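J.:
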Amino acid sequence: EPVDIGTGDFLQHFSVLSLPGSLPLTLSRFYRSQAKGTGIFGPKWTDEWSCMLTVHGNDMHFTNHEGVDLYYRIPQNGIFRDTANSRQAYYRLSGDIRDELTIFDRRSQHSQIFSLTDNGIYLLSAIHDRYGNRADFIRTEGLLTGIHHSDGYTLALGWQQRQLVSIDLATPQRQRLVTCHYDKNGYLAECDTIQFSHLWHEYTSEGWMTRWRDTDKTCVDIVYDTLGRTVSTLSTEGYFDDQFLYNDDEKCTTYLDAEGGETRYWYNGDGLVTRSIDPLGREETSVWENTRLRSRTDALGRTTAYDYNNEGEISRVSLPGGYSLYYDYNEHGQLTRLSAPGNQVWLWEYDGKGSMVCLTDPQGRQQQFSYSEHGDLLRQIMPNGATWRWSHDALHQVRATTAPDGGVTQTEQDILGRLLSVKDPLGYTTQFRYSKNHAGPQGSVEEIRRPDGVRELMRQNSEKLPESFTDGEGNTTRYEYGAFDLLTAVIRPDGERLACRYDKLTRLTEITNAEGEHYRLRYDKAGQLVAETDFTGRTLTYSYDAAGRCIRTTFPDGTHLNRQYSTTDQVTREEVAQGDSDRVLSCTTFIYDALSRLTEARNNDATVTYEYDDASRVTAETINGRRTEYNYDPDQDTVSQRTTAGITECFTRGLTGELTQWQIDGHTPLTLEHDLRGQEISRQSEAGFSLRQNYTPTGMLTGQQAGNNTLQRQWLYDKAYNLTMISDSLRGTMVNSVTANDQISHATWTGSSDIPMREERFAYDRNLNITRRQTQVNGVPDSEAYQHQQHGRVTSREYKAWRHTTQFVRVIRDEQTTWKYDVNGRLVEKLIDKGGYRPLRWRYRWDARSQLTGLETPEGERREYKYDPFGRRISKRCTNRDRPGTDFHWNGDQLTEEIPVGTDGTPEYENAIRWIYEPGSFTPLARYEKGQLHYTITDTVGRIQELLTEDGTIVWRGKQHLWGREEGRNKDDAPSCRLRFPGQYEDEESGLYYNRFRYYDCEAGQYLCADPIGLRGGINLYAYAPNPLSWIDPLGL
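All the letters of the sequence shown, read from the start, carry residue numbers 360 to 1066, 1078 to 1176, 1190 to 1420 under the deposited numbering.
1. Taking the alpha carbon of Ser-409 as the point to measure from, which residue in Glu-1154, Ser-654, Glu-934 and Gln-471 has its own alpha carbon closest?
2. Can you list, in chain order, the stretches of the beta strand (DSSP E) that have 3 or more residues and sit fully within the stretch 898 to 939?
3. Between which two residues does the beta strand (DSSP E) holding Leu-1391 run?
4. So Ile-1257 and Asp-964 are supposed to be a Cβ contact under 8 Å. How far apart are they, rounded?
5. What are the boundary residues of the beta strand (DSSP E) that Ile-1096 is part of?
6. Please determine, among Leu-1081, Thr-1080, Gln-1038 and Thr-1145, the residue with the shortest C-alpha to C-alpha distance to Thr-1057.
7. Where does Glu-1280 fall in DSSP's three states?
8. Taking just the CA atoms, how far does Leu-864 sit from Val-889?
9. Under the assumption that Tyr-583 contacts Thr-589 (Cβ atoms under 8 Å), give the Cβ distance between them as a whole number of angstroms.
10. Report the residue from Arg-634, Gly-1254 and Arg-932 whose alpha carbon sits nearest the alpha carbon of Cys-946.
11. For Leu-514, which residues of its own chain have a beta-carbon under 7 Å away from its beta-carbon, when the five flanking residues on both sides are left out?
12. Report the rounded CA-to-CA distance for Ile-1396 versus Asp-941, giving the unit in angstroms.
13. Only counting runs of 3 or more residues, tell me where the beta strand (DSSP E) segments fall wholly within the stretch 448 to 511, in order along the chain.
14. Does the Cβ of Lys-795 have 16 or more other Cβ atoms within 10 Å, making it buried, or fewer, making it exposed?
15. Taking its Cβ as the centre, do 16 or more other Cβ atoms sit within 10 Å of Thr-612, making it buried, or is it exposed?
16. Please state whether the Cβ-Cβ distance between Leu-1100 and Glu-1301 is less than 8 Å.
17. Let's test the definition: count the other Cβ atoms within 10 Å of the Cβ of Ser-1233 and tell me whether it reaches 16, buried, or not, exposed.
18. Let me check one thing: in DSSP terms, what residues is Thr-1319 bridge-paired to?
19. Mapping DSSP to helix, strand and coil, what is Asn-1294?
20. Determine the direct distance from the alpha carbon of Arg-961 to that of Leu-1375, and round the result to whole angstroms.
21. Is it right to say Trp-571 is buried, meaning 16 or more other beta carbons lie within 10 angstroms of its own, or is it exposed?
22. Taking the alpha-carbon of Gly-680 as reference, which of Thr-595, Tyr-951, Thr-442 and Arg-651 has the nearest alpha-carbon?
23. Going by beta carbon distance, what residues of the same chain come within less than 6 Å of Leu-378, once the five residues before and after it are set aside?
24. Can you tell me where the beta strand (DSSP E) with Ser-1049 in it begins and where it stops?
25. May I ask you to report which of helix, strand or coil DSSP gives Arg-1163?
26. Go ahead and pull the three-state DSSP assignment for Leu-1398.
27. Under a Cβ-count criterion, where at least 16 other Cβ atoms within 10 Å of its own Cβ denotes burial, should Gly-1335 be classed as buried or exposed?
28. Alpha carbons only, please: which of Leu-684, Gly-660, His-691 and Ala-658 is nearest the one belonging to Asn-669?
29. Under DSSP, the beta strand (DSSP E) around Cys-1385 begins and ends at which residues?
30. Which residues share a DSSP beta bridge with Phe-1191?
31. Using only the alpha-carbon positions, how far apart do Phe-1010 and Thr-978 sit?
32. Three or more C-beta pairs under 8 Å: does that hold for the stretch 1111 to 1126 against the stretch 1395 to 1415?
33. Could you tell me if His-755 is buried or exposed, where buried requires 16 or more neighbouring beta carbons within 10 angstroms of its beta carbon?
34. Quick check on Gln-1082: buried or exposed, where buried means 16 or more other Cβ atoms within 10 Å of its Cβ?
35. For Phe-555, which three-state DSSP category applies?
36. Assign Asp-844 to one of three DSSP states: helix, strand, or coil.
Next up, the structure:
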């Protein structure tokens, strides 16, 4: 807030200083245009080190860090004892007026000590906590000149002509913290801080700040009326061209923002807003009782009420929907009990010095906390017995952490809080060095030295914003900013630029990619995103209710996604209309229980139900009658046992929560071991399966040993952490060349001969999308394809392939593929035109939510897909040929079962294939089909590369191309493996890799439709990842 709508003041609050310690020492400056107070920073600016108590006849006026005055009635004996002011009931005044006075802050448990000076004025002499940690304020000749902190450091405040010019860390290290300059009338004109902002200020003779600017591009000009009220603001770059209109009779202030909006505020005697109307006419009211919010009602009539106890704290919060929260405190104002809906009660226990020693969750489980005599947290004991331990340096910052497994992490920080070094439980050390720019443009450089020899640089500009970053290979990404620290440009290592543009209220309205095309956003008078147009020209429209909730999404083709919300802002219904006809094409309903927990989701294709326990943990998930039950470890709230159609899995976990044993259906259990860093080093089964893994000093997976039962793998990276060499004992040696954008430009798989067996070469456009792909087999050119993007999506492609004859090459295939998209950005037709041959045309059918519902193969065969209300594909049918189907079962976001369905339409549940994941993970652990158990071995991205029987025999070997095409030949009786990259499932009828939301073309490296979440998933809408061996996309974004 720039302006106090209750009075018209121009307000500013900036951080000045923050020093770590047992008692943190923080300092900020607060400006108010009509203020009559004075702090260490001159007139009109108040701070935390200038608080004072003043005798006012029978009153004791207390000036806080913002110039607000609290009043206290001095008793007859002149002794205060826990005296409280009703306007701010958390400040407590104690002491004899003849001795010294104390202000106790029930919010922080900290005390301010005020000592007598002159004329019945008490100045701040000390601040201390309940542990005795103390900061003594020293004043000489009236001016605050020194500060002593009990941790062992001292501050030196230097003055000249009674104006504060320097705040210096004095001992044990000399360091400049704050520098200040003043104008001709003694107002703070320039304030340079070492941790925060560097600003300049300009005032009139009365002290009204008419201009403030930063080190570079931000510069605001303020105009006042004859009363000192702000009437207009304007920045030099055009932002915040605001105006303010006042009406003291109506008690109404009018705000005219720079984009044509009008917000009106009605205030009361205390200057608090009782009623407001936004530029869209949405009204919000508030009831106050003496600077105390009692109830607030938004634009939908939803009322939130606040109750208070005799001590002045919030005791009861009434929420929309009948929910109520209750708060209980001890005598010092510390929260001791929180009662929530569903009989969820949290309990906090404190000792004699205020340390919270025991915390009890709603499940009655206790966490014990042990402290030092000075307040340091020394030990924490979890309910299962896991014990954490900490020790601290001279500034009471954590310098050593002991994990429950015995590992110790050494950290070291400087007096300003910056991290200097870290030593992991295995002895590997990461160092940080900070250097200041001493020439020209102000700035700083942060160098990182990693235990693998990697060195990285991070440079900040004069506004202490990230200016550039240089990875271990010397690739530099640069950032440019505009006014108000708005990101306006990003420059890749290859030199291409991404640009941003903002309206007069600093709202993102345009994004320009490296190709030069524009993504545009449009807002209404209230700031809601009402329209957006991607690079393809597709425009989507959004509608909102009075509460700001999106109730309609209008697509170019004409369909409407309508939504209805419950009182607790939960989607209860989704309709699909079309055009001017209000007729509903499809319907989706969500049902919630008394605790606003989703218990049933239903559309025309699937019904999903959820069951919970007292702890709101999902005990059962059912999809179309198929039920999965869960049991939880009582102490760790993790899934300890899950059952699906009689088959039961048991999970066992250690103190840290790591998986130690897994077992299914009475088979031999799988046992796992971990190191001191929490990384898996071995997994074994007594049947014979064994897998050892090792890592780099930075934690990168680099080695694998298994045990026709032996597998040696090695992954080697470059100093930018790109996978550039793979040593496989079954496949050979892969070598990768990367570009400045960390994309693979050359990938050669070499067996044992010197000339590589197979090579892939790639080129990319300015959007990092694939353009060229050339293959070479045994040194001779094999195939070469070039594809062209339009607006970020693949549009056409030419492909050729050669045969090696005699030393000549002759063309055997010469095809041109062309893609056609609809107005919603969904691929609807892919046509492969060969020379003279017959055209092969793929067709795609979509619903309103851009889900692939139908697929027509070039041979006329048609398939149909159905989805649940969460976008999970549940069924795959063939609707015109005599071919079997497939049913899918999901646990959350994991595809856990693929169930074959015969041609008669009956699911073969006894022939189901189960994929075992850790609950929440996307890396498959094992595979279970017809009582056969197979253990998986995954690569660096979590993709299955080998399936092994329980005895350790490799029965399936993967062999893929760079972007995911799987083509490794396996025996006929080998188990099927259609899992590709994490989240992907290969449909054998089309070659597509189904991700949860979109379908992926591993040849073009792109999805078949635009990203359903828009810019929330990146600038490239039809793109998978820059490097498929280092990025993953479990969902379809």
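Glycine included, every Cβ here is placed at the ideal spot set by N, Cα and C.
T.: So, to answer that:
1. Walking along the sequence shown from the start, residue 409 turns up at place 50. Closest option to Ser-409, Cα to Cα, is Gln-471.
2. 898 to 903, 909 to 913, 918 to 924 and 930 to 937
3. Here residue 1391 is taken as the residue at index 1008 of the sequence shown, counted from 1. No beta strand (DSSP E) holds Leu-1391; DSSP gives it neither H nor E.
4. For this step, residue 1257 is matched to residue 874 along the sequence shown. For this step, residue 964 is matched to residue 605 along the sequence shown. About 7 Å separates the two Cβ atoms, so the contact holds.
5. Position 726 of the sequence shown, counting from 1, holds the residue named residue 1096. From DSSP, the beta strand (DSSP E) with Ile-1096 extends over 1093 to 1098.
6. The sequence position of residue 1057 within the sequence shown is 698, counting from 1. Here the closest residue by C-alpha is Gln-1038.
7. Locating residue 1280 in the sequence shown gives position 897, where the first residue counts as 1. Strand, per DSSP.
8. Taking the first residue of the sequence shown as position 1, residue 889 is located at position 530. Taking the first residue of the sequence shown as position 1, residue 864 is located at position 505. So the alpha carbons of these two residues sit roughly 16 Å apart.
9. Locating residue 583 in the sequence shown gives position 224, where the first residue counts as 1. Locating residue 589 in the sequence shown gives position 230, where the first residue counts as 1. Rounded, the Cβ-Cβ distance is 6 Å, consistent with contact.
10. Numbered from its first residue, the sequence shown carries residue 946 at position 587. Among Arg-634, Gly-1254 and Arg-932, the Cα nearest to that of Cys-946 is on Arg-932.
11. Here the question's residue 514 lines up with position 155 in the sequence shown. Result list for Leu-514: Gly-505, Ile-506, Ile-526, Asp-527, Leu-528 and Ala-529, in chain order.
12. Residue 1396 sits at position 1013 when you count from the first residue of the sequence shown. Residue 941 sits at position 582 when you count from the first residue of the sequence shown. Taking the straight line joining both Cα atoms gives about 26 Å.
13. 460 to 464, 469 to 477, 480 to 487, 493 to 499 and 502 to 508
14. What you label residue 795 is simply residue 436 of the sequence shown in a count that begins at 1. Answer is exposed; the Cβ neighbour count stays below 16.
15. In the sequence shown, counting from the first residue as 1, residue 612 sits at position 253. Buried, since its Cβ has 16 or more Cβ neighbours within 10 Å.
16. Position 730 of the sequence shown, counted from the start, is the residue given in the question as residue 1100. Position 918 of the sequence shown, counted from the start, is the residue given in the question as residue 1301. Their beta carbons are not under 8 Å apart, which means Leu-1100 does not touch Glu-1301 by this criterion.
17. For this step, residue 1233 is matched to residue 850 along the sequence shown. Buried: at least 16 other Cβ atoms inside 10 Å.
18. As a position in the sequence shown, residue 1319 is number 936, starting the count at 1. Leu-1330, per the DSSP bridge assignment.
19. Taking the sequence shown and counting its residues from 1, one reaches residue 1294 at position 911. The answer is helix: DSSP assigns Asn-1294 an H, G or I state.
20. The count along the sequence shown starts at 1 and reaches residue 1375 at position 992. The count along the sequence shown starts at 1 and reaches residue 961 at position 602. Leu-1375 and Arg-961: Cα-Cα distance of roughly 27 Å.
21. For the purposes of this step, residue 571 is taken as the residue at position 212 of the sequence shown. Label assigned to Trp-571: buried.
22. Within the sequence shown, residue 680 is the residue found at index 321, counting from 1. Looking at the Cα atoms, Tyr-951 is the closest of the given residues.
23. The residue given as residue 378 occupies position 19 in the sequence shown. Excluding positions up to five away in sequence, the list reads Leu-384.
24. For this step, residue 1049 is matched to residue 690 along the sequence shown. Looking at the DSSP string, the run of the beta strand (DSSP E) that includes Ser-1049 is 1049 to 1054.
25. Indexing the sequence shown from 1 puts residue 1163 at position 793. In this structure, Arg-1163 counts as strand in the three-state DSSP scheme.
26. As a first step, residue 1398 must be located in the sequence shown, where it is residue number 1015. Residue state, collapsed to three classes: helix.
27. To locate residue 1335, count along the sequence shown from 1; it is residue 952. Flag for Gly-1335 reads buried.
28. Along the sequence shown, read from residue 1 onward, the residue named residue 669 stands at position 310. The shortest Cα separation from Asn-669 among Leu-684, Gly-660, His-691 and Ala-658 belongs to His-691.
29. Counted from its first residue, the sequence shown places residue 1385 at position 1002. From DSSP, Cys-1385 is part of no beta strand (DSSP E); its letter is neither H nor E.
30. Translated into the one-based positions of the sequence shown, residue 1191 becomes position 808. Note: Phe-1191 sits in a beta bridge opposite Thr-1175.
31. Mapped onto the sequence shown, residue 1010 falls at position 651. Mapped onto the sequence shown, residue 978 falls at position 619. If you take the alpha carbons of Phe-1010 and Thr-978, they lie about 15 Å apart.
32. yes
33. Looking up residue 755 in the sequence shown gives position 396. Its Cβ being crowded by 16 or more others within 10 Å, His-755 is buried.
34. Within the sequence shown, numbered from 1, the residue matching residue 1082 stands at position 712. Exposed, because fewer than 16 other Cβ atoms sit within 10 Å of the Cβ of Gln-1082.
35. Taking the sequence shown and counting its residues from 1, the one referred to as residue 555 is at position 196. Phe-555 falls in the coil class under three-state DSSP.
36. Taking the sequence shown and counting its residues from 1, one reaches residue 844 at position 485. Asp-844 falls in the helix class under three-state DSSP.
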